[PDB]
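First comes one chain, alone, set out as structure tokens in the form deposited in one PDB entry.
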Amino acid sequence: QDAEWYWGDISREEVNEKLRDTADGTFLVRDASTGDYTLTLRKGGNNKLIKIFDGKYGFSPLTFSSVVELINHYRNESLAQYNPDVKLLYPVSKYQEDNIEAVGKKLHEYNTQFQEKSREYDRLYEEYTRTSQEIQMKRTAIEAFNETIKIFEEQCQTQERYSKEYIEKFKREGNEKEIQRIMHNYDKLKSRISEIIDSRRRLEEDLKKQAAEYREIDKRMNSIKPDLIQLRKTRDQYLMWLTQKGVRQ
């Protein structure tokens, strides 16, 4: 009950958060999710659940006076004697404001800061998602412009190839008014390729701008994501101390 590694009514999910990315040997004892205790040991990237079972305590032919005796024994001796293969190296200690009023006022403060920060983060995500969608749209339209420009250029190439002999013919025939018709159309064509090329160029600018805007949105999110996590842990730490400081069931 006074042991640092003993936590009480903490869930398997609470233990998981405590053991998340911990070194091999990291352990803590809690009450069984239902044999009244459960030891959790960090081994090979995983959390190993070992049941503590009489007048005696043990895992296996029980032979221990208390839970502290069973733990402290394996805290100095490798678990290899039971099965292999690591010692209970690092305990998760239940040890790291004066009044309920001071704690309560700090809780209200952190809970306000947290609700502010979580609403901001969510709005940054929607801004991020929309910028991501728009960048995708612009890249697709540039590809469509590339294909459109190719067609209008094939039309110039085709117009040139077909009119060459016809304009040679009309030059001889003194039909300058017909030459002026072929040229006026070809100019209408070239102006249009100029308009499309410019439109693609302007979109290429917009994309470079919005790509830089996405980069900054991602930067902003990467800075507030860690603060949001710690503020939530603090907020949750204060709720815990408030429950404990207050009258219990």
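The numbering used is simple: start at 1 and walk along the sequence shown. Rigid core: the largest C-alpha set superposing within 1.5 Å between the two forms.
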Chain break class at residue 84/residue 85 - deposited residues not modelled: 1 to 3
Interval residue 191-residue 192, deposited residues with no coordinates in the entry (none, 1 to 3, 4 to 9, 10 or more): none
Greater mean Cα temperature factor according to the PDB record, 132 to 140 or 98 to 106: 98 to 106
Of 144 to 152 and 158 to 166, the stretch whose C-alpha atoms average the higher B-factor in the entry: 158 to 166
Deposited CA B-factor, highest of 70, 197, 217, 41: 70
Criterion, highest CA B-factor; candidates, 62, 28, 183, 211: 62
Ranked against its chain, the third holding the CA B-factor of residue 222: lowest
Chain-relative CA temperature factor third for residue 116: lowest
For residue 204, the third of its chain into which the C-alpha B factor falls: middle
Residue 228 - which third its CA temperature factor falls in, relative to the rest of the chain: lowest
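Another form exists, deposited in another entry; not displayed. Remarks below refer to it.
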Threshold 2 Å Cα movement between this form and the one not shown for residue 163, core superposed: yes
Is_shifted residue 148 between this form and the one not shown (CA, 2 Å cut-off, rigid core): no
Yes/no, residue 185 Cα shift of 2 Å or more between this form and the one not shown with rigid core fixed: yes
